[PDB]
Amino acid sequence: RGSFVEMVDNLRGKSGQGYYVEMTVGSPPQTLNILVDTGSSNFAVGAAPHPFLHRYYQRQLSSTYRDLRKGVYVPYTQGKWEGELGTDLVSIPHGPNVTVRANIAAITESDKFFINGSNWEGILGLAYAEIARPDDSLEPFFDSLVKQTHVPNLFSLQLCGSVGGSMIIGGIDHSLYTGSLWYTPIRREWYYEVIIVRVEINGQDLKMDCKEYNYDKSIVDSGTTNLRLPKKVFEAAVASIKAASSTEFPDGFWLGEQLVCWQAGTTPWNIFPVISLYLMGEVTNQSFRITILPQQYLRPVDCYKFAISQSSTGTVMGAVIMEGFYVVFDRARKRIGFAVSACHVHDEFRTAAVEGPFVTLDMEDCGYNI
Ligand SMILES: NCCc1ccc(O)c(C2CCCCC2)c1
């Protein structure tokens, strides 16, 4: 219940190319590296010899494959993926010792989806049925896992910023964090939706109507690299970080339109402010705060990209946030826990922090309604 040595260090990746876990599909087992994505709900894998792919799901080789005789099409702003639905037997070698029948989308056509040079071949959507494609009747993987086994209804993620981490399926590993876990309610079970109630740059409040911090929504998404902020909030946030770091920068850098370079080992972390998000707590009028460093929001590509950007889909707490913390997706109790990660990158002056309780009024007003 508190120690899962089998699952520690079961994630791999490359900077900016997401985190992946090893999975097997079909009988006999076909090994595939699968992107871990808490911002989507489909289990989808390359099923055809796309040139970018190390390997792909070969349905003809599996005796346990069952065709659902149904297509699925997933567009993105950029490109897309398209495939054929089926079910097959699925395991996670460095996960719980179980095998489940899950829906799988065999990807037959895609655009700007697979990354040239990456080491993953599919995507594991860990969010809820509501945002599954083509509709909410297509049971997501984790739902299937919980339904078919005795694996507890929760998972946790330690993303360490090439890169590595841990996905603990069915529990929490206490060696992966220090201090205490603090929980924020899952507002609605579709994305992992939460509510930000206050934002501070270097301890200084933005003083914005908190409703705007969640304009549209705020989600925890392991499939996104950046901390993404709603347009208006991003404007204020950049304006504050820009002013907090007026010690040394082009206009395009803040918009993610170009990179900025320093000499090796001369990176001025200290000119940059810490960023705190206060999240709604479990108790009426109670919140807690998570604090990240420039180590998190300045992502190396010594050339770094500013890893905070604007959004029209709301706040996205991507890898920038998540790499500072151990994150518990406590589905059984409709909450997400945050604790200081035992593996986060820091200096001798400042570290990532999770602190509470704080008194925050009108936290319900911060939620944006349709
Ligand atoms: N919900 C979609 C998740 C997703 C799909 C295809 C991708 O190529 C990516 C990459 C974008 C850059 C960051 C790493 C992962 C993410």
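We number chain A the same way Swiss-Prot does; the residues here are 57-217, 230-316, 318-370, 379-447, in that order.
Method on record in the header is X-ray crystallography, 2.3 Å.
Backbone N, Cα and C atoms are what each Cβ position is placed from, and that goes for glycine too.
Taken from Swiss-Prot, the feature active site covers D93, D289. Residues or ranges marked as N6-acetyllysine by Swiss-Prot on the basis of experimental evidence: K126, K275, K279, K285, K299, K300. Swiss-Prot lists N153, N172, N354 with the feature N-linked glycosylation site, giving sequence analysis as the kind of evidence. The annotation disulfide bond is assigned in Swiss-Prot to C216-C420, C278-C443, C330-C380.
Feature map: annotations from Swiss-Prot on the structure.
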| residue | record | DSSP class |
| --- | --- | --- |
| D93 | active site | strand |
| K126 | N6-acetyllysine | strand |
| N172 | N-linked glycosylation site | coil |
| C278 | disulfide bond | helix |
| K285 | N6-acetyllysine | coil |
| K300 | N6-acetyllysine | helix |
| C330 | disulfide bond | strand |
| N354 | N-linked glycosylation site | coil |
| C380 | disulfide bond | strand |
| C420 | disulfide bond | coil |
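A gap of 12 residues interrupts the model between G217 and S230, whose Cα atoms are 8 Å apart.
When the Cα of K126 (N6-acetyllysine) is compared against those of the recorded positions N153, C278, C330, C443, the shortest separation belongs to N153.
Taking the C-alpha atom of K279 (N6-acetyllysine) as reference, the shortest distance to any of the recorded positions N153, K285, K300, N354, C443 belongs to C443.
Across the structure, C330 (disulfide bond) and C216 (disulfide bond) are spaced 23 Å apart at their Cα atoms. With a CB cut-off of under 6 A applied against ligand 1, the recorded positions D93, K126, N153, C216, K275, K285 are reduced to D93.
Closest in space to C443 (disulfide bond), of the recorded positions given as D93, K299, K300, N354, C380, is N354, taking the CA atom of each residue. Residue with the densest Cβ environment among the modified residues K285, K300: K285, by other Cβ atoms within 10 Å. Cα of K300 (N6-acetyllysine) to Cα of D289 (active site): a distance of 21 Å. Flanking an unmodelled run of 8 residues are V370 and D379, whose Cα atoms lie 8 Å from one another. Ranked by Cα separation from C216 (disulfide bond), the recorded positions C278, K285, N354 are led by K285. Cα distances from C278 (disulfide bond) to the recorded positions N153, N172, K285, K299, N354 are smallest for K285.
Here the glycosylation sites are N153, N172, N354, and the one whose Cβ sees the fewest other Cβ atoms within 10 Å is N172. Cβ contacts within 10 Å of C380 (disulfide bond), excluding its own Cβ and spanning all protein chains shown: 11. Taking the Cα of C420 (disulfide bond) as the reference point, the closest of the recorded positions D93, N172, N354, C380 is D93.
Each residue contributes its Cα atom, and for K285 (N6-acetyllysine) and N172 (N-linked glycosylation site) these two points are 31 Å apart.
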